[PDB]
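Residue numbers (the deposited numbering), protein chains in the order written: chain 38, 1 to 80, 83 to 145; chain 48, 6 to 147; chain 51, 2 to 172.
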Amino acid sequence: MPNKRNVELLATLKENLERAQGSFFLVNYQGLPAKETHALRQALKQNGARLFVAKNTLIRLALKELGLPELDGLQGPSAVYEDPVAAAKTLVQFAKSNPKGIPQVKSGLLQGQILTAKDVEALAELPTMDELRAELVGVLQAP
Amino acid sequence: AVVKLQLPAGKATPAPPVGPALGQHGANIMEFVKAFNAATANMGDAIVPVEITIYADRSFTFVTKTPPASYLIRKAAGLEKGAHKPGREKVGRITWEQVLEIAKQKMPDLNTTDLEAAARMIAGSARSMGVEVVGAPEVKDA
Amino acid sequence: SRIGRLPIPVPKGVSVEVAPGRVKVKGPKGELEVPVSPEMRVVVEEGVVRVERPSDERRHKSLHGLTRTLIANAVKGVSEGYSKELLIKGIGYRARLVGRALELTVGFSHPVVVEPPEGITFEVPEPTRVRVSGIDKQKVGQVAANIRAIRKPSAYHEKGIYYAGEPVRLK
RNA sequence: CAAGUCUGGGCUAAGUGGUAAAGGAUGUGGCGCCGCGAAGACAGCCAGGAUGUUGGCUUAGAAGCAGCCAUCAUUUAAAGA
Ligand SMILES: [Mg+2]
Ligand SMILES: [Mg+2]
Ligand SMILES: [Mg+2]
Ligand SMILES: [Mg+2]
Ligand SMILES: [Mg+2]
Ligand SMILES: [Mg+2]
Numbered sequence: 001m002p003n004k005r006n007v008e009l010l011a012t013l014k015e016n017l018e019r020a021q022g023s024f025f026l027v028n029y030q031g032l033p034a035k036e037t038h039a040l041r042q043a044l045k046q047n048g049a050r051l052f053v054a055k056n057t058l059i060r061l062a063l064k065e066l067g068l069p070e071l072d073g074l075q076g077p078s079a080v083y084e085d086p087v088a089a090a091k092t093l094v095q096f097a098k099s100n101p102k103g104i105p106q107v108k109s110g111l112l113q114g115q116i117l118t119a120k121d122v123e124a125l126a127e128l129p130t131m132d133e134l135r136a137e138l139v140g141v142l143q144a145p
Numbered sequence: 006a007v008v009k010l011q012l013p014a015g016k017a018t019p020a021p022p023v024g025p026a027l028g029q030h031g032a033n034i035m036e037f038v039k040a041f042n043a044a045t046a047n048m049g050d051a052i053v054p055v056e057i058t059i060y061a062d063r064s065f066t067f068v069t070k071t072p073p074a075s076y077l078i079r080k081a082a083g084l085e086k087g088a089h090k091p092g093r094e095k096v097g098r099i100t101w102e103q104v105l106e107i108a109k110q111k112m113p114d115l116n117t118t119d120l121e122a123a124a125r126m127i128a129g130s131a132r133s134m135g136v137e138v139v140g141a142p143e144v145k146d147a
Numbered sequence: 002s003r004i005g006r007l008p009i010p011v012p013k014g015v016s017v018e019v020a021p022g023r024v025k026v027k028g029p030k031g032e033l034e035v036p037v038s039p040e041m042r043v044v045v046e047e048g049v050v051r052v053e054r055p056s057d058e059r060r061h062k063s064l065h066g067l068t069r070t071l072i073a074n075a076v077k078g079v080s081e082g083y084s085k086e087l088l089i090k091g092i093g094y095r096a097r098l099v100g101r102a103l104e105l106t107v108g109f110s111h112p113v114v115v116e117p118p119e120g121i122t123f124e125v126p127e128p129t130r131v132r133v134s135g136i137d138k139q140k141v142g143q144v145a146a147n148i149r150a151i152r153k154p155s156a157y158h159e160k161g162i163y164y165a166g167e168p169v170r171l172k
């Protein structure tokens, strides 16, 4: 039982759980047809905005560590993510949607503090609730 | 996929292997022996890559993003007309002055941009050619 | 690890009888007896049929996998048991059907007339290719063997009767 | 061919027995050690294995696969010019 240094500095480096607060965290695999998405091997000199390895290593037992509340997007645990630039700019910089560029990227599970589901359709399709919040300055009660 | 070249220094040569073999390749070759001929014109021979693409039909694609790995080598760097028995003799020795930022041209695409990257990439067929050249006198850890 | 001997096979439109040293399959495409060892209980269960062995020693284990694969194979037997391509590469070479019988020409002073044994059926759609309809598995793989053996498939030249792959070609 | 198809335990599938060695062997049975494994090993199979590239040296060209050789260096789940 080495528990090889492949798990040791790649078991999170306890990072992104405490880095770019370790929640909102969500969907979408360790890899499928390698042509398209991208800033794959291009996030300026690192892959600080992607991940490297190991579904069995960390996710099975890593632990509860470092949070924000519950859950649930679409589904549950098999393969996940890493970034600081979540739901709004999570999708003007990566992972467009439905199906995608390449052939239709697939699946994962989330947990932030905004109460609800899917994480694909309404939250993650270049939704400019930044440029449609100068719409609220007179809405819902005013004369 | 769809890849080959056109070269060497200037006055492009569509020879029996370098451009008359454009049949079931792209075939609009009267005006595009001239729209590449300013994209390898007035640069100088050391390698000068050629990027060529695929289509549904017949013409009009891109050229190149960088000529590295022996080019910014044998202009003035490393004095590397790196003679036969590729050289454990110092066929020519430098530092990272005509290697590191002679080409920040490298930065378009080798997937790592910050310069211990495609700098030391092109010090592959330059630096480790027998005389692994030097980047410093070895930083002095402390 | 992960032995071919003790998984559990399959249902749905096929029979099973267990004599003490033979199992009779008898599904929709015909029937297949399976000569089988008289050690090795072959116990039949719901829509599956496992085989277990009386000891766990080197000589009983080899007999275990064999008798599983032997039954399973007779069950895909009685549902689509045929196979075997025989693409006929090379220039003068053409196969054709006459009667129930295959007559192929691979460059001798004569055509070679194969006839099909029972439970075997010849197909030559597109006559540089000839498929073998079979129920069994091993009689099928045989008649395809024999057909292939008639002509080469060299080894210096892409002529002969070919299964699949293999550009071998020495020069 | 006189007296056990005697009694318990295990071995061998060669008619060895009923023989001849160096040497060999996933025959087979038994005692050991050591390596890797349910933070998931060994088979398979599913996916990806590059760029600048043609590495330089030789060169109608070798662009891993005609070669004599510096065989780099980043990058990166991971990929030997
Ligand atoms: Mg007597
Ligand atoms: Mg006795
Ligand atoms: Mg004897
Ligand atoms: Mg003898
Ligand atoms: Mg011996
Ligand atoms: Mg043994």
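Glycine residues also receive a C-beta, built at the ideal position from the N, C-alpha and C atoms.
Starting from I121 (chain 51), trace the beta strand (DSSP E) in both directions and tell me its first and last residue.
The count along the third sequence starts at 1 and reaches residue 121 (chain 51) at position 120. Where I121 (chain 51) is concerned, the enclosing beta strand (DSSP E) stretches over 121–124.
Helix, strand or coil, according to DSSP, for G73 (chain 38) in the structure here?
In the first sequence, counting from the first residue as 1, residue 73 (chain 38) sits at position 73. In the structure shown, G73 (chain 38) sits in a strand (DSSP, three-state: E or B).
Just the C-alpha distance for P33 (chain 38) and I104 (chain 38), rounded to the nearest angstrom, thanks.
What you label residue 33 (chain 38) is simply residue 33 of the first sequence in a count that begins at 1. What you label residue 104 (chain 38) is simply residue 102 of the first sequence in a count that begins at 1. About 7 Å.
For a test of the three-state rule: what should DSSP assign to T12 (chain 38), helix, strand or coil?
Within the first sequence, residue 12 (chain 38) is the residue found at index 12, counting from 1. In the structure shown, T12 (chain 38) sits in a helix (DSSP, three-state: H, G or I).
Could you name the residues of chain 48 that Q42 (chain 38) contacts, counting a contact when the two beta carbons are closer than 7 Å?
Along the first sequence, read from residue 1 onward, the residue named residue 42 (chain 38) stands at position 42. Within 7 Å Cβ-Cβ: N116.
Are any of the Cβ atoms in chain 48 nearer than 8 Å to that of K45 (chain 38)?
To locate residue 45 (chain 38), count along the first sequence from 1; it is residue 45. Closer than 8 Å: yes.
Closer than 8 Å by C-beta to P39 (chain 51): which residues in its own chain qualify, once you throw out the five before and the five after it? Chain order, please.
Indexing the third sequence from 1 puts residue 39 (chain 51) at position 38. These residues qualify, in order along the chain: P21, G22.
Count the CB pairs spanning the stretch 73–80 of chain 38 and the stretch 3–22 of chain 51 that are closer than 8 Å, and state whether there are at least three.
Taking 8 Å as the limit for Cβ pairs, the verdict is that the stretch 3–22 of chain 51 does not touch the stretch 73–80 of chain 38.
Can you round the beta-carbon distance between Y164 (chain 51) and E86 (chain 51) to whole angstroms, since I take them to be within the 8 Å contact cut?
Taking the third sequence and counting its residues from 1, one reaches residue 164 (chain 51) at position 163. Taking the third sequence and counting its residues from 1, one reaches residue 86 (chain 51) at position 85. With a Cβ gap of about 6 Å, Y164 (chain 51) and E86 (chain 51) count as contacting.
In the DSSP assignment, the beta strand (DSSP E) including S134 (chain 51) goes from what residue to what residue?
Position 133 of the third sequence, counting from 1, holds the residue named residue 134 (chain 51). Element bounds for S134 (chain 51): 132–135.
Using 8 Å as the threshold, is the stretch 88–99 of chain 51 in touch with the stretch 128–145 of chain 51, meaning 3 or more CB pairs across them?
Yes: the two stretches touch, three or more of their Cβ pairs being nearer than 8 Å.
Beta-carbon within less than 6 Å of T37 (chain 38)'s beta-carbon, same chain only, minus the 5 sequence neighbours each way: which residues are those?
Within the first sequence, numbered from 1, the residue matching residue 37 (chain 38) stands at position 37. Closer than 6 Å at the Cβ level, and outside the excluded window around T37 (chain 38), lies no residue.
Can you find at least 3 beta carbon pairs, one from the stretch 31–47 of chain 48 and one from the stretch 6–17 of chain 48, that sit closer than 8 Å?
The stretch 31–47 of chain 48 vs the stretch 6–17 of chain 48: in contact.
So what does DSSP say about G28 (chain 51), is it helix, strand or coil?
On the third sequence, residue 28 (chain 51) is found 27 positions in, with the first residue counted as 1. Reduced to three states, the DSSP call for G28 (chain 51) is strand.
Could you tell me which residues DSSP pairs with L88 (chain 51) in its beta bridges?
In the third sequence, the residue the question calls residue 88 (chain 51) occupies position 87. According to DSSP, which records beta bridges pairwise, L88 (chain 51) is partnered with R130 (chain 51), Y163 (chain 51).
Just to confirm my understanding: we take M134 (chain 48), look at its own chain, exclude 5 residues before and 5 after, and list those with CB closer than 6 Å. What are they?
Counting from 1 along the second sequence, the entry for residue 134 (chain 48) is found at position 129. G87, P91.
Using a Cβ-Cβ cutoff of 7 Å, what residues of the stretch 117–144 of chain 48 are near chain 38? List them in chain order.
Those would be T117, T118, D119, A122, in chain order.
To test your reading of the DSSP string, which unbroken alpha helix (DSSP H) runs of 4 or more residues are found completely within the stretch 37–80 of chain 51?
List check, alpha helix (DSSP H) in window: 59–76.
Quick check on DSSP: helix, strand or coil for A123 (chain 48)?
The residue labelled residue 123 (chain 48) in the question sits at position 118 within the second sequence. Helix, per DSSP.
Are the CB atoms of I127 (chain 48) and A74 (chain 48) within a distance shorter than 8 Å?
Reading the second sequence from its first residue, position 69 is the one you call residue 74 (chain 48). Reading the second sequence from its first residue, position 122 is the one you call residue 127 (chain 48). Yes; because the gap between Cβ atoms is below 8 Å, this pair is in contact.
Count the other C-beta atoms from every protein chain shown that fall within 10 angstroms of the C-beta of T18 (chain 48), then say buried if there are 16 or more, exposed otherwise.
Indexing the second sequence from 1 puts residue 18 (chain 48) at position 13. Answer is exposed; the Cβ neighbour count stays below 16.
Decide if the stretch 46–59 of chain 38 is in contact with the stretch 134–145 of chain 38; the criterion is three or more beta carbon pairs, one per stretch, under 8 Å apart.
Because the criterion of three Cβ pairs below 8 Å is not met, the stretch 46–59 of chain 38 and the stretch 134–145 of chain 38 do not touch.
Need the endpoints of the alpha helix (DSSP H) that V141 (chain 51) sits in, please.
Position 140 of the third sequence, counted from the start, is the residue given in the question as residue 141 (chain 51). Element bounds for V141 (chain 51): 139–151.
Which residues mark the beginning and the end of the beta strand (DSSP E) in which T106 (chain 51) is found?
On the third sequence, residue 106 (chain 51) is found 105 positions in, with the first residue counted as 1. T106 (chain 51) -> beta strand (DSSP E) spans 102–106.
Compute the distance between the beta-carbons of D62 (chain 48) and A14 (chain 48), then report whether it is under 8 Å.
Counted from its first residue, the second sequence places residue 62 (chain 48) at position 57. Counted from its first residue, the second sequence places residue 14 (chain 48) at position 9. Taking 8 Å as the Cβ cut-off, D62 (chain 48) and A14 (chain 48) do not qualify as a contacting pair.
In chain order, which alpha helix (DSSP H) runs of at least 4 residues are fully inside the stretch 52–128 of chain 48?
Fully enclosed alpha helix (DSSP H) runs of 4 or longer: 123–127.
Taking only three categories from DSSP, how would you classify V7 (chain 38)?
The count along the first sequence starts at 1 and reaches residue 7 (chain 38) at position 7. Helix, per DSSP.
Quick check on the burial criterion: 16 or more other C-beta atoms within 10 angstroms. Buried or exposed for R132 (chain 48)?
Position 127 of the second sequence, counting from 1, holds the residue named residue 132 (chain 48). Counting Cβ neighbours within 10 Å, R132 (chain 48) comes out buried, since at least 16 surround it.
Checking 8 Å against the spacing of the C-beta atoms, do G48 (chain 51) and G120 (chain 51) come in under that value?
In the third sequence, residue 48 (chain 51) corresponds to position 47, counting from 1. In the third sequence, residue 120 (chain 51) corresponds to position 119, counting from 1. Against a cut-off of 8 Å, the Cβ pair of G120 (chain 51) and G48 (chain 51) comes out as no contact.
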